[PDB]
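A quick write-up on the structure given underneath.
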Amino acid sequence: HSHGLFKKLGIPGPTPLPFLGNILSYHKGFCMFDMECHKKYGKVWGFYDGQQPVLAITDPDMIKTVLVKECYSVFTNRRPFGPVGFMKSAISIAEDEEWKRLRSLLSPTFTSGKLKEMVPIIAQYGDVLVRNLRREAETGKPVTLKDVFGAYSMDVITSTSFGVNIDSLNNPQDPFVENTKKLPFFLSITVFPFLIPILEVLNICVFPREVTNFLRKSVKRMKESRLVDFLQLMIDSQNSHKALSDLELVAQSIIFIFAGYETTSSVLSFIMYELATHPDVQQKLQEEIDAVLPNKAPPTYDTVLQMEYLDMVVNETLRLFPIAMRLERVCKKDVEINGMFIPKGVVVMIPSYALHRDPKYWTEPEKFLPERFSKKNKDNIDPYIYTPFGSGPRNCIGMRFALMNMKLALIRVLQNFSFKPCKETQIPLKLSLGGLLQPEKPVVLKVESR
Ligand code: HEM
Ligand SMILES: CC(C)(C)OC(=O)N[C@H](CS[C@H](Cc1ccccc1)C(=O)NCCc1cccnc1)Cc1ccccc1
Ligand SMILES: NC(=O)CC[C@H](N)C(=O)O
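The structure is reproduced here in structure tokens:
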């Protein structure tokens with residue numbers, strides 16, 4: 028029973044139950060459990076997901092040591108989850124030097140400059156987003172934002188990943204919309227992670243085996259046709287590391303879809319919940335959007351980077367709702383960091399959500415206050431506490447793309463509409479008690495036309 032480990036190391040934490048460990052304690056969610064451990068235990072604690080020891084760490088130096096200083100040597104991979112099948116080749120899932128290769132091959136895809144070329148295609152769908160919003164706006168009926176934002180998120184994806192171009196909300200069941208639609219179990223992994231190789235030998239998959247088979251073929255539909270977008274950029278690359291294979295490109299595409307789809311849509315919904323429940327911040331943003339882009343002029347790459355308040359609204363939103371919730375690295379070797387022994391196989395965990403709401407680093411942390419990210423105040427913000435995109439060599443590769451995409455949505459939408467709360471709006475919003483950082487009730491708000 029692996030449940031003596033922290034107890035030996037002199038590291039504190041909750042007593043595990045046989046077999047389940049501390050998972051019973053997840054009934055309020057990952058987040059509330061992390062906060063309560065933090066406030067009960069201080070700078071470090073340990074717990075067991077089943078038999079898996081997990082060590083939480085909250086010292087910023089120690090966090091930097093783990094995420095950055097000792098990344099390639101010790102804290103290189105994430106907690107293995109499965110069964111993944113061919114998606115083991117996905118970059119977010121791959122390990123050790125197999126990953127170091129993929130990161131290299133896929134990096135220039137995400138540069139400052141390549142993102143600059145991607146904006147005019149993201150624009151044409153900002154319009155779509157607005158005319159989609161208008162036909163819901165002139166019909167005075169509260170709007171579920173995950174739906175209209177989700178549709179925009181997806182529109183960006185298929186063009187930026189494959190050059191495909193659809194009006195998904197309206198324009199129909201396109202041969203591409205319904206596969207990507209397959210966009218309770220994942221807990222019972224952890225009492226039984228010895229069953230992963232069982233499923234992995236039953237060829238089952240957490241990526242529905244028909245979606246992938248479609249993209250696997252739909253991507254190999256797009257390849258031999260050409261012979269602007271991620272596919273392009275990846276394909277152009279395979280012309286020091288071995289070039290990207292053919293099933294590898296598919297799995298990365300899948301990861302880009304998974305990554306971008308329910309992230310862009312959900313943050314955008316959080317931002318509009320906050321903007322609507324704070325009518326004044328919406329006002330200041332709408333002023334900035336008009337002083338920079340007068341006469342509803344179309345946003346650009348450089349004018350997006352110019353909007354400082356827009357950036358403050360985005361950053362603070364992700365402080366309250368960091369959708370990763372936690373960052374995790376597998377300790378791959380017996381190791382000591384900043385005066386603490388961490389033994390092999392331990393999963394080291396950084397409770398991002400809990401650290402973003404710590405009253406010790408943040409005043410009024412449950413309040414939404416975009417002035418903490420002002421040039422005046424922004425300096426006092428430890429980048430190893432605020433880590434909505436991770437840090438170090440393994441942080442979110444799509445960071446600059448995520449931000450640009452979202453801001454482009456916001457600017458366009460805020461140029462035509464203000465957003466009020468509605469009687470069905472959940473005030474105060476509540477996080478889905480499950481494993482995902484989404485709201486319980488979906489965000490429904492009033493939309494008006496300026
Ligand atoms: C609001 C949007 C997003 C947020 C807040 C976000 C945040 C994060 C975080 C916290 C991580 C883990 C970082 C770490 O472990 O240190 C991550 C990983 C990752 N993200 Fe994002 N992400 C977003 C969107 C995207 C998008 C649009 C892409 C598009 C390609 C993307 C691609 C990835 C990949 C590939 C990884 C894993 C990278 C690796 O393991 O090398 N993400 N993201
Ligand atoms: C089951 C659990 C929670 C233990 O394991 C994870 O589900 N976890 C990620 C592995 S599957 C995920 C894609 C996916 C596949 C099937 C169903 C849902 C999701 C993935 O790899 N997404 C990386 C792309 C991304 C997502 C979010 C933000 N940015 C980029 C690994 C991971 C965890 C946190 C942040 C980044 C990666
Ligand atoms: N380049 C590296 O990351 C590792 C260096 C070492 N020579 C090796 O081949 O593993």
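In terms of the entry's author numbering, the sequence shown is residues 28 to 210, 218 to 261, 269 to 280, 286 to 496. Note that CB positions come from ideal geometry on N, CA and C, so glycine has one too.
Which residues bound the alpha helix (DSSP H) around residue i?
{"i": "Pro325", "result": "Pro325 to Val338"}
{"i": "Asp174", "result": "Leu172 to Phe189"}
{"i": "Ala164", "result": "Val146 to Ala164"}
{"i": "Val493", "result": "Run containing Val493: none in the alpha helix (DSSP H); it sits in the beta strand (DSSP E), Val490 to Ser495."}
{"i": "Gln273", "result": "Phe271 to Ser278"}
{"i": "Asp76", "result": "Premise fails: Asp76 lies in the beta strand (DSSP E), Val71 to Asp76, not in any alpha helix (DSSP H)."}
{"i": "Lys35", "result": "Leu32 to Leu36"}
{"i": "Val350", "result": "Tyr347 to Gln352"}
{"i": "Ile232", "result": "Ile230 to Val235"}
{"i": "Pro87", "result": "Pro87 to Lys91"}
{"i": "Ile223", "result": "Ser222 to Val225"}
{"i": "residue 282", "result": "One cannot assign coordinates to residue 282, given that the chain in this structure leaps from 280 to 286."}
{"i": "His54", "result": "Per DSSP, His54 belongs to no alpha helix (DSSP H) and is neither H nor E."}
{"i": "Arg128", "result": "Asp123 to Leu133"}
Whose CA, out of the options, lies closest to the CA of residue i?
{"i": "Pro411", "options": "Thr363, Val204, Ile443 and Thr246", "result": "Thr363"}
{"i": "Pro368", "options": "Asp292, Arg403, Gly444 and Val350", "result": "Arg403"}
{"i": "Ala117", "options": "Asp61, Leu261 and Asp292", "result": "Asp292"}
{"i": "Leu460", "options": "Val493, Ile443, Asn280 and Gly444", "result": "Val493"}
{"i": "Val392", "options": "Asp86, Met256 and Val93", "result": "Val93"}
{"i": "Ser315", "options": "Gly444, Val360, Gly109 and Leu221", "result": "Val360"}
{"i": "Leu295", "options": "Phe228, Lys35 and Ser278", "result": "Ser278"}
{"i": "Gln273", "options": "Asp380, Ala322 and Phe137", "result": "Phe137"}
{"i": "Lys66", "options": "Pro405, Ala455, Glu486 and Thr471", "result": "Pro405"}
{"i": "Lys422", "options": "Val183, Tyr355 and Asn192", "result": "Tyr355"}
{"i": "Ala297", "options": "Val71, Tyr319, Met114 and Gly31", "result": "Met114"}
Here's the rule I'm using: 16 or more other beta-carbon atoms within 10 Å means buried, otherwise exposed. How should residue i be labelled?
{"i": "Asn384", "result": "exposed"}
{"i": "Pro43", "result": "buried"}
{"i": "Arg440", "result": "buried"}
{"i": "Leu261", "result": "exposed"}
{"i": "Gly69", "result": "exposed"}
{"i": "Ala289", "result": "exposed"}
{"i": "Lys453", "result": "buried"}
{"i": "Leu236", "result": "exposed"}
{"i": "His54", "result": "exposed"}
{"i": "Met358", "result": "buried"}
{"i": "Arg418", "result": "buried"}
{"i": "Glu334", "result": "buried"}
{"i": "residue 282", "result": "Within the gap of the chain, which runs from 280 to 286, lies residue 282, and it has no coordinates in the structure."}
{"i": "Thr409", "result": "exposed"}
{"i": "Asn49", "result": "buried"}
{"i": "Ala343", "result": "exposed"}
Round the Cβ separation of residue i and residue j to the nearest angstrom and send it over; I've been treating them as touching at under 8 Å.
{"i": "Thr171", "j": "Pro488", "result": "5 Å"}
{"i": "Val95", "j": "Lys378", "result": "Rounded, the Cβ-Cβ distance is 16 Å, inconsistent with contact."}
{"i": "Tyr399", "j": "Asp61", "result": "6 Å"}
{"i": "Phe74", "j": "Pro45", "result": "Going by Cβ atoms, the distance from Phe74 to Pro45 rounds to 14 Å, so no, they are not a contact pair."}
{"i": "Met275", "j": "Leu133", "result": "7 Å"}
{"i": "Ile396", "j": "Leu373", "result": "4 Å"}
{"i": "residue 7", "j": "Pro416", "result": "Outside the shown range of the chain, which is 28 to 496, sits residue 7, and nothing can be said about it."}
{"i": "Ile148", "j": "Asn451", "result": "Between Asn451 and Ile148 the Cβ distance is about 11 Å, and since that is not below 8 Å, they are no contact."}
{"i": "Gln484", "j": "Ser478", "result": "5 Å"}
{"i": "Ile301", "j": "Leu249", "result": "The Cβ separation is near 11 Å, so there is no contact."}
At the level of alpha carbons, what is the spacing between residue i and residue j?
{"i": "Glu382", "j": "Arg130", "result": "27 Å"}
{"i": "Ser195", "j": "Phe226", "result": "39 Å"}
{"i": "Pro39", "j": "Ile84", "result": "12 Å"}
{"i": "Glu308", "j": "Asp86", "result": "31 Å"}
{"i": "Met145", "j": "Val269", "result": "7 Å"}
{"i": "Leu156", "j": "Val313", "result": "16 Å"}
{"i": "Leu51", "j": "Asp425", "result": "39 Å"}
{"i": "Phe414", "j": "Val490", "result": "19 Å"}
{"i": "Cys64", "j": "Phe57", "result": "11 Å"}
{"i": "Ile427", "j": "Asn159", "result": "38 Å"}
{"i": "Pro467", "j": "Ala164", "result": "14 Å"}
{"i": "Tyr407", "j": "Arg162", "result": "44 Å"}
{"i": "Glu470", "j": "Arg243", "result": "38 Å"}
{"i": "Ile223", "j": "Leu82", "result": "19 Å"}
{"i": "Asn206", "j": "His28", "result": "43 Å"}
{"i": "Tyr347", "j": "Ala322", "result": "26 Å"}
{"i": "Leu339", "j": "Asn462", "result": "13 Å"}
{"i": "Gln151", "j": "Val327", "result": "27 Å"}
{"i": "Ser188", "j": "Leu32", "result": "45 Å"}
Please report the residue range of the beta strand (DSSP E) in which residue i lies.
{"i": "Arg375", "result": "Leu373 to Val376"}
{"i": "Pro80", "result": "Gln79 to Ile84"}
{"i": "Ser464", "result": "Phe463 to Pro467"}
{"i": "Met395", "result": "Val393 to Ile396"}
Check: Listed in chain order, which residues are found with a beta carbon closer than 7 Å to a heavy atom of ligand 5?
Finding: This structure simply doesn't include ligand 5; it includes ligand 1, ligand 2 and ligand 3 instead.
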